[PDB]
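Those protein sequences? They're chains C and B, same order as listed.
Residue numbers for the first sequence, in PDB author numbering: 3 to 49.
Residue numbers for the second sequence, in PDB author numbering: 294 to 341.
In this text, a Cβ means the ideal position worked out from N, Cα and C, and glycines have one as well.
These notes are about the structure you will find just below.
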Amino acid sequence: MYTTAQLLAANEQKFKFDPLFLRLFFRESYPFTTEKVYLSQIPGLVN
Amino acid sequence: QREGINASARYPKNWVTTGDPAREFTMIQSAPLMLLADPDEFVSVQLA
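What follows is the structure, given as structure tokens:
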């Protein structure tokens, strides 16, 4: 019963994480009000 | 406990004996328990 045993340690030491690609590549975000989404592309190719 | 100073880093104590042989003392007491918040942070590489 006389075994209090106080501490002061709550070490996390648990992670290594930074995506950086949403910040390197995805700088622009766009919320939708539309159920579905189009995204087309035009190729230019002549002789 | 007489000064309630048990909780400390070091502990000086100077004192003297009585009687025909008169002689003094100097004293230090302590209790190191050195620690590491992250025991696995350091790697001990034994070179050979």
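query	result
Cα-Cα separation, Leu24 (chain C) to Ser337 (chain B)	38 Å
Residue-chain proximity (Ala341 (chain B), chain E), Cβ-Cβ < 8 Å	The structure shown contains no chain E; its protein chains are C and B.
C-beta neighbour in chain B for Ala7 (chain C), strict 8 Å	no
The beta strand (DSSP E) enclosing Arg29 (chain C), as first and last residue numbers	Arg29 (chain C) -> no beta strand (DSSP E), and no H or E assigned at all.
Residue 282 (chain B) (DSSP reduced to helix, strand or coil)	Chain B is shown only over 294 to 341; residue 282 (chain B) falls outside these bounds and no answer can be derived.
Closest Cα partner of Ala330 (chain B) within the set C:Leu9, C:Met3, C:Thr5 and C:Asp20	C:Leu9
Euclidean distance between Cα positions of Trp308 (chain B) and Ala315 (chain B)	11 Å
The segment 15-28 of chain C: positions lying closer than 8 Å to chain B by Cβ	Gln15
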